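The next block holds one structure in the form of structure tokens; read it before the comments.
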Amino acid sequence: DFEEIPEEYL
Amino acid sequence: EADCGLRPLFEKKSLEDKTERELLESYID
Amino acid sequence: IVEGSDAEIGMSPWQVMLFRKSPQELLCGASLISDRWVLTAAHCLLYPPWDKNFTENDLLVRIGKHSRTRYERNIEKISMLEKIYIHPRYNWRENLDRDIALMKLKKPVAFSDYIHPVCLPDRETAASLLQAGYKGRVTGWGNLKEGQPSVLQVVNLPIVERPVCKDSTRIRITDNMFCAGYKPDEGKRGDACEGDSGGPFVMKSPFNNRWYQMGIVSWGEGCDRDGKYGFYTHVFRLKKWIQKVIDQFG
Ligand SMILES: NC(=[NH2+])NCCC[C@H](NC(=O)[C@@H]1CC[C@@H]2CC[C@](N)(Cc3ccccc3)C(=O)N21)[C@H](O)c1nc2ccccc2s1
Ligand code: NA
Ligand code: NA
């Protein structure tokens, strides 16, 4: 339900 | 901290949030 | 949060979201105490009965948030944990006694209009404020009913006398806990709820006008049930441990 966050994060 | 607990958008501008009065009025006003 | 209202922008700049990388989902609330330290409930990281056992790698910390699900481009900052510290004597087996953990951030976050640490009480500040009848404020993205808000929720609740707390439950209450809520009487409602865990219970000092975090959302039985109260970790009582951690570990 969560909007996608940027990859540099994971 | 040092600057802890003073909110840039309320305390620091001397503006109050909409229900903080409720807290303060209970520490027996 | 049950029977609360949407927070105002910049209202709790210390509100942190504990975020799971896979699946991506809100785990718990937490709070910023400095630019590199976050405080939450230990039961948010380790709860063996439910096979919960997060590690540094498992989690993400989201700061300066308002919207629950939106990624708030240019507002929120997402960080990495360097280290989790759980109270050596956290009691997950019986009643969540000493439900507290520190999270050390990989890098220090930068303060902004929406990012700012809350203060930790001193013996003195604890004394004048932690009193039956005084109201504190709890915030969180948790369940609205015993469903999930679109924005951070807030509620103000009074601290309850130790005997009312104890007599509302069959679980043994310890000095590291306090309960909060209205009486079936008081004809005002509100409570924290599932997902609010690890969030801050804060009070504003009438002396220096600063916000102090006195409790952490710990546990309850149902949410907003009449004759039942929310239980919080008593932060000044664990102050010694927190000190110890911060200056021995950075
Ligand atoms: N104020 C209230 N009315 N309640 C506040 C509760 C906040 C949530 N804390 C909880 O749900 C905590 C952690 C798990 C523990 C289990 C028992 C309980 N007493 C709930 C319960 C009641 C009756 C029968 C069985 C279980 C409790 O509150 N627990 C938190 O957000 C969560 N923590 C976790 C940790 C792991 C996974 C999910 C959650 S939700
Ligand atoms: Na009891
Ligand atoms: Na209640």
Looking only at region C:145-165, how many residues end up being surrounded by fewer than 19 Cβ atoms within 10 Å (Cβ to Cβ), within 15 Å of ligand 3 (Cβ to nearest atom) and either among the hydrophobic types (A, V, I, L, M, F, W, C) or over 19 Å from the mean Cα position of the chain (by Cα) (or both)?
2
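Kindly indicate whether any position in region C:180-187 is more than 30 Å from B:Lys13 (Cα to Cα), buried (at least 24 other Cβ atoms within 10 Å of the Cβ), within 16 Å of ligand 2 (Cβ to nearest atom) and not β-branched (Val, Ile, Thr). Reasoning before the result, please.
Taking region C:180-187 first, the residues more than 30 Å from B:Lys13 (Cα to Cα) are C:180-187.
The next check asks that each one be buried (at least 24 other Cβ atoms within 10 Å of the Cβ); those that pass are C:180-181.
Keeping just the survivors that are within 16 Å of ligand 2 (Cβ to nearest atom) gives C:181.
Adding the requirement that they be not β-branched (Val, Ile, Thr) leaves C:181.
Checked against the condition, which is being more than 30 Å from B:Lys13 (Cα to Cα), buried (at least 24 other Cβ atoms within 10 Å of the Cβ), within 16 Å of ligand 2 (Cβ to nearest atom) and not β-branched (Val, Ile, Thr), region C:180-187 yields at least one hit.
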Tabulated pairs, region C:146-173, first away from chain B (no Cβ under 14 Å), second more than 13 Å from ligand 3 (Cβ to nearest atom) and part of a strand (DSSP E or B), C-beta under 7 angstrom, 6+ apart or interchain:
C:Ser150/C:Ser67; C:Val151/C:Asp6; C:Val151/C:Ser67
Restrict the check to region C:213-234 and report whether at least one residue is surrounded by fewer than 16 Cβ atoms within 10 Å (Cβ to Cβ) and more than 16 Å from ligand 1 (Cβ to nearest atom).
no
Pair list, Cβ < 9 Å and 6+ apart or interchain, from region C:186-200 residues that are closer than 11 Å to C:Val2 by Cα and away from every other protein chain (no Cβ under 14 Å) to residues that are of a type in the set (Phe, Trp, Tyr) and within 12 Å of ligand 3 (Cβ to nearest atom):
C:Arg189/C:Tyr182; C:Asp191/C:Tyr229
Within region C:102-110, is there a residue that is over 24 Å from C:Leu45 (Cβ atoms) and assigned by CATH to the domain that holds C:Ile78?
yes
Checking C:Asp191, C:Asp226, C:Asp175 in turn, the sole residue that is farther than 20 Å from C:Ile84 by Cα, in contact with a helix residue (DSSP H, G or I) (Cβ under 7 Å, 6 or more places away or on another chain) and outside the structural domain of C:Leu45 (by CATH) turns out to be C:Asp175
Any chance C:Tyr134 is hydroxyl-bearing (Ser, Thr, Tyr) and within 14 Å of another protein chain (Cβ to nearest Cβ):
yes
In this structure, does C:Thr40 turn out to be out of contact with any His (no Cβ under 7 Å at 6 or more places or on another chain), crowded, with 18+ Cβ neighbours inside 10 Å and assigned by CATH to the domain that holds C:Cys179?
no
Hits in chain B - residues which are surrounded by fewer than 17 Cβ atoms within 10 Å (Cβ to Cβ), among the basic types (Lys, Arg) and part of a loop (DSSP other than H, G, I, E, B):
B:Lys18
Residue selected from region C:53-77 under the condition assigned to a loop (DSSP other than H, G, I, E, B) and at the interface with another protein chain (Cβ under 10 Å from one of its Cβ atoms), by the criterion nearest to C:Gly140 (Cα to Cα)
C:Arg68
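The values are calculated or read from the model by the stated rules, or taken from the named source; none is laboratory data. Note: ideal-geometry Cβ built from the backbone for every residue, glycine included; neighbour counts use all protein chains shown.
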